[PDB]
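This is data_36.tsv (TSV, C-alpha atoms).
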```tsv
chain	number	residue	atom	x	y	z
A	7	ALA	CA	12.18	46.86	8.37
A	8	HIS	CA	10.45	46.39	11.71
A	9	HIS	CA	9.78	47.80	15.17
A	10	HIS	CA	10.18	44.58	17.20
A	11	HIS	CA	13.58	45.61	18.54
A	12	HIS	CA	12.15	47.01	21.79
A	13	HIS	CA	10.81	43.51	22.56
A	14	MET	CA	14.15	41.71	22.33
A	15	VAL	CA	14.73	38.95	24.89
A	16	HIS	CA	17.94	37.23	26.01
A	17	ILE	CA	17.60	33.57	25.05
A	18	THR	CA	19.73	30.76	26.45
A	19	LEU	CA	19.78	27.09	25.40
A	20	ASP	CA	18.13	24.38	27.52
A	21	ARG	CA	20.76	21.66	28.01
A	22	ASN	CA	18.07	19.14	29.09
A	23	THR	CA	16.38	19.32	25.63
A	24	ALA	CA	19.57	19.18	23.55
A	25	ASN	CA	20.32	16.16	21.41
A	26	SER	CA	23.14	14.12	22.98
A	27	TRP	CA	25.56	14.94	20.13
A	28	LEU	CA	25.27	18.72	20.56
A	29	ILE	CA	28.07	20.88	21.95
A	30	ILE	CA	26.71	23.99	23.71
A	31	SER	CA	28.99	26.89	24.75
A	32	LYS	CA	29.54	27.75	28.43
A	33	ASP	CA	27.20	30.75	28.31
A	34	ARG	CA	24.56	28.56	26.54
A	35	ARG	CA	24.36	31.09	23.65
A	36	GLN	CA	26.02	28.98	20.91
A	37	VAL	CA	25.50	25.41	19.70
A	38	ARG	CA	27.19	23.11	17.18
A	39	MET	CA	26.98	19.49	16.07
A	40	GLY	CA	29.67	17.27	17.62
A	41	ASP	CA	31.33	14.03	16.49
A	42	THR	CA	30.39	11.78	19.42
A	43	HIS	CA	27.54	10.90	21.82
A	44	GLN	CA	28.34	13.36	24.63
A	45	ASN	CA	27.68	11.70	28.07
A	46	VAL	CA	24.25	13.12	29.07
A	47	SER	CA	21.51	11.60	31.28
A	48	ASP	CA	18.30	10.18	29.80
A	49	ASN	CA	15.18	12.34	30.02
A	50	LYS	CA	11.82	12.68	28.27
A	51	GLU	CA	12.56	16.29	27.19
A	52	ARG	CA	15.60	15.48	25.06
A	53	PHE	CA	15.36	15.42	21.24
A	54	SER	CA	16.58	12.00	20.14
A	55	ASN	CA	16.56	11.91	16.29
A	56	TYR	CA	17.72	15.40	15.17
A	57	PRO	CA	20.35	18.01	16.22
A	58	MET	CA	17.63	20.04	17.95
A	59	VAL	CA	17.56	22.07	21.17
A	60	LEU	CA	15.09	24.53	22.74
A	61	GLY	CA	15.55	27.87	24.44
A	62	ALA	CA	15.20	27.67	28.20
A	63	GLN	CA	12.60	30.47	28.16
A	64	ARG	CA	8.85	29.67	28.17
A	65	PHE	CA	6.33	32.18	26.78
A	66	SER	CA	2.62	32.17	27.53
A	67	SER	CA	1.98	35.86	26.83
A	68	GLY	CA	3.49	38.99	25.32
A	69	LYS	CA	5.74	40.05	22.44
A	70	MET	CA	9.21	38.50	22.12
A	71	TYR	CA	12.06	39.03	19.66
A	72	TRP	CA	15.43	37.33	19.26
A	73	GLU	CA	18.24	36.97	16.74
A	74	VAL	CA	20.16	33.96	15.46
A	75	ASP	CA	23.44	33.85	13.57
A	76	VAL	CA	23.55	31.31	10.71
A	77	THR	CA	26.79	32.51	9.01
A	78	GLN	CA	28.46	29.88	6.80
A	79	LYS	CA	25.78	27.24	7.53
A	80	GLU	CA	24.35	25.10	4.73
A	81	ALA	CA	21.41	23.75	6.76
A	82	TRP	CA	19.35	24.75	9.77
A	83	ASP	CA	15.75	24.92	11.01
A	84	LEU	CA	14.67	27.88	13.23
A	85	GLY	CA	11.61	29.23	14.94
A	86	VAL	CA	9.36	28.52	17.89
A	87	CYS	CA	7.41	25.49	19.08
A	88	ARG	CA	4.93	24.31	21.71
A	89	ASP	CA	6.40	22.95	24.91
A	90	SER	CA	4.20	19.93	24.21
A	91	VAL	CA	5.98	18.95	20.96
A	92	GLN	CA	7.11	15.34	20.48
A	93	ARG	CA	10.78	14.85	21.49
A	94	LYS	CA	11.38	11.18	20.61
A	95	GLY	CA	11.53	9.50	17.22
A	96	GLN	CA	10.71	10.86	13.77
A	97	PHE	CA	8.35	13.74	13.11
A	98	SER	CA	7.78	16.54	10.59
A	99	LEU	CA	8.11	20.23	11.39
A	100	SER	CA	4.61	21.66	10.84
A	101	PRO	CA	2.05	23.85	12.68
A	102	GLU	CA	-0.12	20.72	13.24
A	103	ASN	CA	2.82	19.20	15.10
A	104	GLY	CA	3.31	22.46	17.08
A	105	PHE	CA	6.19	24.03	15.12
A	106	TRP	CA	6.36	27.46	13.44
A	107	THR	CA	9.64	27.41	11.58
A	108	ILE	CA	11.67	28.33	8.55
A	109	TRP	CA	14.71	26.53	7.18
A	110	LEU	CA	17.59	26.42	4.80
A	111	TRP	CA	17.87	23.07	3.01
A	112	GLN	CA	19.97	22.42	-0.12
A	113	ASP	CA	20.18	26.08	-1.23
A	114	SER	CA	16.46	26.64	-0.77
A	115	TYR	CA	14.73	28.68	1.95
A	116	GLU	CA	11.39	27.27	3.05
A	117	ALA	CA	8.59	28.11	5.45
A	118	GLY	CA	7.48	25.10	7.51
A	119	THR	CA	3.88	25.11	6.40
A	120	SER	CA	2.39	21.73	5.43
A	121	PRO	CA	3.46	21.19	2.72
A	122	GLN	CA	6.48	23.53	2.81
A	123	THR	CA	6.30	26.95	1.11
A	124	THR	CA	9.41	27.98	-0.84
A	125	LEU	CA	10.67	31.48	0.04
A	126	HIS	CA	12.39	33.73	-2.49
A	127	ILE	CA	15.24	35.48	-0.71
A	128	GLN	CA	17.43	37.81	-2.76
A	129	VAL	CA	20.15	38.20	-0.13
A	130	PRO	CA	21.17	35.02	1.77
A	131	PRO	CA	20.78	35.85	5.46
A	132	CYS	CA	23.69	35.65	7.87
A	133	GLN	CA	21.40	36.57	10.79
A	134	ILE	CA	17.68	35.89	11.32
A	135	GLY	CA	15.28	37.92	13.44
A	136	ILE	CA	12.43	36.02	15.04
A	137	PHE	CA	9.33	37.75	16.46
A	138	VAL	CA	6.45	36.15	18.36
A	139	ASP	CA	3.26	37.92	19.42
A	140	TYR	CA	1.62	35.35	21.71
A	141	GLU	CA	-1.87	36.83	22.02
A	142	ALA	CA	-2.11	37.64	18.32
A	143	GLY	CA	-0.93	34.19	17.22
A	144	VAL	CA	1.85	35.62	15.01
A	145	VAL	CA	5.38	34.33	14.29
A	146	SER	CA	7.51	36.47	11.93
A	147	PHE	CA	10.99	36.05	10.47
A	148	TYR	CA	13.29	38.83	9.27
A	149	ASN	CA	16.47	39.02	7.23
A	150	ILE	CA	18.76	41.13	9.46
A	151	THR	CA	21.47	41.01	6.79
A	152	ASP	CA	19.13	42.62	4.23
A	153	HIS	CA	17.54	45.75	5.75
A	154	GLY	CA	15.39	43.70	8.17
A	155	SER	CA	13.34	42.58	5.18
A	156	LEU	CA	10.43	40.29	5.91
A	157	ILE	CA	11.10	36.62	5.18
A	158	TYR	CA	7.80	35.08	6.33
A	159	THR	CA	4.90	35.46	8.76
A	160	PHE	CA	2.75	32.67	10.21
A	161	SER	CA	-0.68	34.03	11.24
A	162	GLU	CA	-3.64	32.58	13.19
A	163	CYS	CA	-1.21	30.26	14.99
A	164	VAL	CA	-2.62	27.86	17.56
A	165	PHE	CA	-0.07	28.10	20.32
A	166	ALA	CA	-2.24	26.06	22.75
A	167	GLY	CA	0.06	26.58	25.75
A	168	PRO	CA	3.63	27.67	26.48
A	169	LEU	CA	6.06	28.36	23.62
A	170	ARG	CA	9.78	27.60	23.42
A	171	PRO	CA	12.43	29.04	21.09
A	172	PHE	CA	13.39	26.21	18.68
A	173	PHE	CA	16.73	25.42	16.99
A	174	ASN	CA	18.10	22.74	14.70
A	175	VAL	CA	21.82	23.05	13.84
A	176	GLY	CA	21.46	20.30	11.23
A	177	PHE	CA	23.68	17.34	10.37
A	178	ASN	CA	26.84	17.60	8.27
A	179	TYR	CA	27.05	14.83	5.60
A	180	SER	CA	28.70	17.13	3.00
A	181	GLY	CA	31.29	18.57	5.43
A	182	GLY	CA	29.94	22.05	4.76
A	183	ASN	CA	27.64	22.51	7.76
A	184	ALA	CA	30.00	22.56	10.75
A	185	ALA	CA	29.24	26.20	11.66
A	186	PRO	CA	27.33	26.85	14.90
A	187	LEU	CA	24.05	28.57	15.58
A	188	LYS	CA	24.70	31.60	17.78
A	189	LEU	CA	22.26	33.82	19.62
A	190	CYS	CA	23.27	37.39	18.71
A	191	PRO	CA	24.53	39.59	21.74
A	192	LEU	CA	21.63	42.20	22.17
B	8	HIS	CA	31.04	-7.20	-15.60
B	9	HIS	CA	31.18	-10.98	-15.06
B	10	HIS	CA	29.10	-11.44	-11.89
B	11	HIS	CA	25.76	-12.10	-13.55
B	12	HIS	CA	25.99	-15.84	-12.96
B	13	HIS	CA	25.95	-15.20	-9.19
B	14	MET	CA	22.70	-13.20	-9.14
B	15	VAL	CA	20.41	-13.73	-6.16
B	16	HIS	CA	16.79	-12.76	-5.67
B	17	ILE	CA	16.70	-10.26	-2.81
B	18	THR	CA	13.61	-9.29	-0.87
B	19	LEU	CA	13.20	-6.65	1.82
B	20	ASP	CA	12.88	-7.55	5.50
B	21	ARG	CA	9.92	-5.63	6.87
B	22	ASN	CA	10.99	-6.05	10.51
B	23	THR	CA	14.27	-4.17	9.89
B	24	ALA	CA	12.67	-1.22	8.08
B	25	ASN	CA	12.42	2.31	9.44
B	26	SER	CA	8.77	2.71	10.50
B	27	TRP	CA	7.99	5.38	7.88
B	28	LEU	CA	9.06	3.11	5.00
B	29	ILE	CA	6.46	1.87	2.52
B	30	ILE	CA	7.47	-1.56	1.24
B	31	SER	CA	5.48	-3.08	-1.64
B	32	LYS	CA	3.53	-6.33	-1.35
B	33	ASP	CA	6.29	-8.27	-3.16
B	34	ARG	CA	8.94	-6.74	-0.85
B	35	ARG	CA	10.98	-5.66	-3.91
B	36	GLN	CA	10.43	-1.89	-3.72
B	37	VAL	CA	10.61	0.67	-0.93
B	38	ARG	CA	9.95	4.38	-0.59
B	39	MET	CA	9.75	6.99	2.15
B	40	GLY	CA	6.23	7.68	3.50
B	41	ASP	CA	5.06	10.83	5.28
B	42	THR	CA	3.74	9.06	8.37
B	43	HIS	CA	4.44	5.98	10.50
B	44	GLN	CA	3.32	2.75	8.77
B	45	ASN	CA	1.59	0.95	11.66
B	46	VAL	CA	4.49	-1.37	12.39
B	47	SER	CA	5.53	-2.25	15.94
B	48	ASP	CA	8.93	-1.41	17.32
B	49	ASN	CA	11.46	-4.21	17.71
B	50	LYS	CA	15.22	-4.59	18.22
B	51	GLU	CA	15.89	-5.13	14.49
B	52	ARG	CA	14.34	-1.90	13.23
B	53	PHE	CA	16.47	1.03	12.12
B	54	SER	CA	15.26	3.95	14.22
B	55	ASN	CA	17.13	7.04	12.97
B	56	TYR	CA	17.41	6.67	9.17
B	57	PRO	CA	15.19	5.40	6.32
B	58	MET	CA	17.15	2.11	6.22
B	59	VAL	CA	16.05	-1.47	5.60
B	60	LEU	CA	17.89	-4.77	5.08
B	61	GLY	CA	17.41	-7.59	2.62
B	62	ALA	CA	15.96	-10.73	4.23
B	63	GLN	CA	18.78	-12.88	2.91
B	64	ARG	CA	21.82	-13.66	5.12
B	65	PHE	CA	25.17	-14.64	3.57
B	66	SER	CA	28.16	-16.28	5.27
B	67	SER	CA	29.85	-17.76	2.19
B	68	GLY	CA	29.82	-17.61	-1.58
B	69	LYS	CA	29.55	-15.05	-4.35
B	70	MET	CA	26.36	-12.98	-4.57
B	71	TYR	CA	25.17	-10.29	-6.95
B	72	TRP	CA	22.07	-8.10	-7.02
B	73	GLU	CA	20.82	-4.96	-8.73
B	74	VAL	CA	19.09	-1.83	-7.46
B	75	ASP	CA	17.21	0.81	-9.44
B	76	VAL	CA	17.95	4.38	-8.29
B	77	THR	CA	16.29	6.20	-11.20
B	78	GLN	CA	15.43	9.83	-10.40
B	79	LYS	CA	16.60	9.68	-6.77
B	80	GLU	CA	18.44	12.65	-5.26
B	81	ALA	CA	19.90	10.64	-2.38
B	82	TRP	CA	20.47	7.03	-1.36
B	83	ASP	CA	22.93	4.76	0.42
B	84	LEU	CA	23.48	1.19	-0.84
B	85	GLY	CA	25.63	-1.85	-0.16
B	86	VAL	CA	25.99	-4.68	2.31
B	87	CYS	CA	26.42	-4.80	6.07
B	88	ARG	CA	27.03	-7.14	8.95
B	89	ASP	CA	23.92	-8.67	10.56
B	90	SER	CA	25.48	-7.38	13.81
B	91	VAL	CA	25.36	-3.67	12.89
B	92	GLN	CA	23.70	-1.41	15.42
B	93	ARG	CA	20.09	-0.48	14.58
B	94	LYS	CA	19.36	2.30	17.09
B	95	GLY	CA	20.59	5.85	17.44
B	96	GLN	CA	23.11	7.68	15.31
B	97	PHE	CA	26.06	6.14	13.48
B	98	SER	CA	28.28	6.55	10.47
B	99	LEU	CA	28.39	4.13	7.55
B	100	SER	CA	31.93	2.76	7.56
B	101	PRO	CA	33.70	-0.62	7.53
B	102	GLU	CA	34.59	-0.11	11.21
B	103	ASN	CA	30.85	-0.06	11.94
B	104	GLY	CA	30.23	-3.10	9.66
B	105	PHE	CA	29.01	-1.32	6.47
B	106	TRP	CA	30.46	-1.55	2.94
B	107	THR	CA	28.49	1.07	1.04
B	108	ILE	CA	28.44	3.85	-1.57
B	109	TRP	CA	26.03	6.77	-1.72
B	110	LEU	CA	24.67	9.69	-3.62
B	111	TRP	CA	24.50	12.78	-1.38
B	112	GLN	CA	23.97	16.35	-2.69
B	113	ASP	CA	25.14	15.65	-6.22
B	114	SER	CA	28.26	13.80	-5.14
B	115	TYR	CA	28.88	10.05	-5.28
B	116	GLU	CA	31.00	8.73	-2.41
B	117	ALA	CA	32.31	5.47	-1.02
B	118	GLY	CA	31.63	4.82	2.66
B	119	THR	CA	35.21	4.68	3.83
B	120	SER	CA	36.48	6.54	6.90
B	121	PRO	CA	36.86	9.33	5.85
B	122	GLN	CA	34.65	9.10	2.71
B	123	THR	CA	36.29	8.55	-0.69
B	124	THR	CA	34.96	10.48	-3.66
B	125	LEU	CA	33.99	8.34	-6.71
B	126	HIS	CA	34.74	8.97	-10.43
B	127	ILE	CA	31.39	8.35	-12.09
B	128	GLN	CA	30.90	9.82	-15.57
B	129	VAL	CA	27.44	8.43	-16.39
B	130	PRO	CA	25.01	9.01	-13.49
B	131	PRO	CA	23.69	5.56	-12.64
B	132	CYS	CA	20.07	4.55	-12.88
B	133	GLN	CA	20.87	1.03	-11.74
B	134	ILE	CA	23.66	-0.20	-9.46
B	135	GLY	CA	25.00	-3.76	-9.35
B	136	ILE	CA	26.44	-4.98	-6.01
B	137	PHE	CA	28.75	-7.99	-5.87
B	138	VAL	CA	29.99	-9.68	-2.67
B	139	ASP	CA	32.62	-12.43	-2.55
B	140	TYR	CA	32.55	-13.59	1.08
B	141	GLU	CA	35.68	-15.75	1.05
B	142	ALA	CA	37.68	-13.17	-0.93
B	143	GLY	CA	36.67	-10.32	1.37
B	144	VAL	CA	35.44	-8.19	-1.57
B	145	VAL	CA	32.45	-5.87	-2.11
B	146	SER	CA	32.24	-4.25	-5.58
B	147	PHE	CA	29.81	-1.78	-7.16
B	148	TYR	CA	28.95	-1.55	-10.86
B	149	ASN	CA	27.27	1.03	-13.01
B	150	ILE	CA	24.67	-0.97	-14.93
B	151	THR	CA	23.71	2.15	-16.89
B	152	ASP	CA	27.30	2.43	-18.16
B	153	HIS	CA	27.65	-1.14	-19.48
B	154	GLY	CA	28.48	-2.48	-16.00
B	155	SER	CA	31.59	-0.32	-15.45
B	156	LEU	CA	33.31	-0.61	-12.06
B	157	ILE	CA	32.44	2.11	-9.53
B	158	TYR	CA	34.23	0.95	-6.38
B	159	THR	CA	35.82	-2.08	-4.77
B	160	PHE	CA	36.31	-2.64	-1.04
B	161	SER	CA	38.90	-5.35	-0.52
B	162	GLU	CA	40.45	-6.92	2.59
B	163	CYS	CA	36.95	-6.74	4.12
B	164	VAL	CA	36.60	-8.15	7.59
B	165	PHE	CA	33.06	-9.40	7.26
B	166	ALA	CA	33.22	-11.06	10.71
B	167	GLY	CA	29.95	-12.96	10.28
B	168	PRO	CA	26.73	-13.00	8.29
B	169	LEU	CA	26.03	-10.22	5.77
B	170	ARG	CA	22.79	-8.57	4.75
B	171	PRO	CA	21.96	-6.45	1.70
B	172	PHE	CA	21.67	-2.84	2.90
B	173	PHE	CA	19.47	0.02	1.62
B	174	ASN	CA	18.77	3.63	2.59
B	175	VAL	CA	16.10	5.50	0.62
B	176	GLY	CA	17.09	8.74	2.32
B	177	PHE	CA	14.83	11.39	3.85
B	178	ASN	CA	12.75	13.55	1.51
B	179	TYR	CA	13.12	17.06	2.95
B	180	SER	CA	13.42	18.70	-0.50
B	181	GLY	CA	10.34	17.04	-2.05
B	182	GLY	CA	12.70	15.81	-4.77
B	183	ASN	CA	13.71	12.46	-3.27
B	184	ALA	CA	10.38	10.61	-3.19
B	185	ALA	CA	11.51	8.00	-5.73
B	186	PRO	CA	11.70	4.37	-4.55
B	187	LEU	CA	14.59	1.97	-4.46
B	188	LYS	CA	13.67	-1.13	-6.50
B	189	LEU	CA	15.30	-4.53	-6.71
B	190	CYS	CA	15.65	-5.18	-10.44
B	191	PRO	CA	14.03	-8.35	-11.76
B	192	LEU	CA	16.43	-11.17	-12.63
```

Go ahead and render the structure in this file as structure tokens.
Amino acid sequence: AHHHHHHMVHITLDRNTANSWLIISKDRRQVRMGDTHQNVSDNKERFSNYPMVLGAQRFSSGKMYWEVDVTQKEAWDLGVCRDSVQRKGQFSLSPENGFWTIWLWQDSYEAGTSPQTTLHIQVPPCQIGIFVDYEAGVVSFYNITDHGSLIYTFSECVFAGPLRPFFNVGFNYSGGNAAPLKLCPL
Amino acid sequence: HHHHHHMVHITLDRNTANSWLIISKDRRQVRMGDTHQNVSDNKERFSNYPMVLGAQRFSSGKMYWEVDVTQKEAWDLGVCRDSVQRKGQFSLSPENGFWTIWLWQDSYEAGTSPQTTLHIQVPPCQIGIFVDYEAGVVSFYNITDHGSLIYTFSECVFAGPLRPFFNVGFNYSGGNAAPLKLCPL
């Protein structure tokens, strides 16, 4: 269990960074993958190749905590990234590329080290806690569903500028990944 | 099957290939790399998926070729219109100019809209692809299972030249690094 709760922040999704196929709720607290290219203007901030979107918030100092609902989802990537991350084309999620993430992919939980580190989770999470300590260079992930158990911590992170909450809802080739990512209500 | 007498020698068209694809010197094998492969962007190149086309173009006749899929966790294979879109996101369907089958997360499917599940008993290691342009037919055969029929698209509206089509798939799991190979004649 942890004591990051007193550092919780209210995250909203940045529509200008969202892949053109994403459908984001009115309050910008939920996101799902849609079935068509969804009428949005071209900009350099927008992720082009993956169902990714950033939180609107920028962090250059302090301790921040937020929670993400992943109930019923078969794939997702979650964490935090540099504002400077590549938006266009193909790229790997790694600290070198400015991403500190974990994911669910094909029934396996992984930390986004390079190469990936498989995580042994006894209770599949329905909700994920994400903690960032900017000055310390720490990004931690917690299994809210299972006693706030620790999933993984990145340490000695090179943030090298502002950080952004990071989300990938994932594609849905099997039909089993339609569920949204939701930011849990504080 | 009885399509062996229509076999053609297929080679891969480098200019069409996703930029992370590693294509052998003989242009008969392809696998997913972990970085860009120092190729320049062009209008032909698939941008969003690890796809590549055969260099050959067909507007008539009967053609057959074979692809090795040994070990691979995921792939898409078949034939497509030369006019298919190369950029952005799209589904593989006849409406979009693709006649394909795939292996995705332990299920074999045909690329209809919506997808049609296949009835494969023996997991293939090699797939034979037959196209009869005039007949409007694309058929898939399980070479591993004595050439048994997998799937036939008929009443195909080819609507112009066709290209062999390949997708090696991404390798997020670490378990899909295997190449696609064009089997020797």

Spatial neighbours of residue 47 (chain A), max dist 12 Å, only C-alpha atoms, sep filter under 5 positions, as a count of residues only: 7

Compare B:97, B:72, B:137, B:158 by their minimum atom-to-atom distance to chain A, counting only C-alpha atoms, and give me the closest one. B:97

Coordinates-based distance that separates CA of residue 17 (chain A) from CA of residue 34 (chain A) (Å, one decimal): 8.7 Å

Quick one: everything within 9 Å of residue 151 (chain A), counting only C-alpha atoms, minus sequence neighbours fewer than 2 positions away in the same chain. Send it as an MDAnalysis selection string. chainID A and resid 129:134 148:149 153:155

Would you mind exporting C-alpha atoms of the selected residues as a short mmCIF file (atom, residue, chain, number, x, y, z; two decimals), in the coordinates of the input?
```cif
data_model
loop_
_atom_site.label_atom_id
_atom_site.label_comp_id
_atom_site.auth_asym_id
_atom_site.auth_seq_id
_atom_site.Cartn_x
_atom_site.Cartn_y
_atom_site.Cartn_z
CA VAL A 129 20.15 38.20 -0.13
CA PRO A 130 21.17 35.02 1.77
CA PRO A 131 20.78 35.85 5.46
CA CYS A 132 23.69 35.65 7.87
CA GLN A 133 21.40 36.57 10.79
CA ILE A 134 17.68 35.89 11.32
CA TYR A 148 13.29 38.83 9.27
CA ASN A 149 16.47 39.02 7.23
CA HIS A 153 17.54 45.75 5.75
CA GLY A 154 15.39 43.70 8.17
CA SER A 155 13.34 42.58 5.18
#
```

Show me, as a PDB file with C-alpha atoms, in the coordinates of the input, the residues of chain B whose atoms get within 8 Å of chain A, using all atoms listed in the file for the distance check.
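Result written to part.pdb:
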```pdb
ATOM      1  CA  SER B  54      15.260   3.950  14.220  1.00  0.00           C
ATOM      2  CA  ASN B  55      17.130   7.040  12.970  1.00  0.00           C
ATOM      3  CA  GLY B  95      20.590   5.850  17.440  1.00  0.00           C
ATOM      4  CA  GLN B  96      23.110   7.680  15.310  1.00  0.00           C
ATOM      5  CA  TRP B 111      24.500  12.780  -1.380  1.00  0.00           C
ATOM      6  CA  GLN B 112      23.970  16.350  -2.690  1.00  0.00           C
ATOM      7  CA  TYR B 179      13.120  17.060   2.950  1.00  0.00           C
ATOM      8  CA  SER B 180      13.420  18.700  -0.500  1.00  0.00           C
TER       9      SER B 180
END
```

Provide the CA of residue 147 (chain A) to CA of residue 19 (chain A) distance in Å, to one decimal place. 19.5 Å

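Here CA of residue 108 (chain A) stands at a distance of 8.1 Å from CA of residue 158 (chain A).
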
Write out as a ChimeraX atom specification each polymer residue whose atoms come within 6 Å of region 83-87 of chain B, counting all atoms listed in the file; drop sequence neighbours fewer than 3 positions from it. /B:104-109,169-174

Taking only C-alpha atoms into account, which of A:156, A:142, A:87, A:175 comes nearest residue 57 (chain A)? A:175

So that I can check the surroundings of residue 66 (chain A), please list as a ChimeraX atom specification every protein, DNA and RNA residue that reaches within 9 Å of it, counting all atoms listed in the file and ignoring chain neighbours fewer than 6 positions away. /A:140-141,165,167-169

If we count all atoms listed in the file, what is near residue 119 (chain A) at a cut-off of 12 Å, once residues fewer than 3 positions away on the same chain are taken out, given as a list in words? residues 98, 99, 100, 101, 102, 103, 104, 105, 106, 107, 108, 109, 116, 122, 123, 124, 125, 158, 159, 160, 161 and 163 of chain A

Take every atom of region 111-130 of chain B listed in the file, pad by 3 Å on each side, and give me the axis-aligned box centre and edge lengths in Å, one decimal, as lines of an AutoDock Vina configuration file.
```
center_x = 30.4
center_y = 10.5
center_z = -4.7
size_x = 18.9
size_y = 17.7
size_z = 29.3
```

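The shortest atom-to-atom distance to residue 83 (chain A), with all atoms listed in the file taken into account, belongs to A:187 out of A:182, A:187, A:11, A:39.
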
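Nearest residue to residue 72 (chain A) among A:18, A:92, A:44, A:31 is A:18, counting all atoms listed in the file.
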
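Distance annotation: of A:49, A:146, A:120, A:178, the residue with the minimal separation from residue 73 (chain A) is A:146; atom set is all atoms listed in the file.
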
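The smallest atom-to-atom distance between residue 125 (chain B) and any of B:147, B:140, B:27, B:71, using all atoms listed in the file, is found for B:147.
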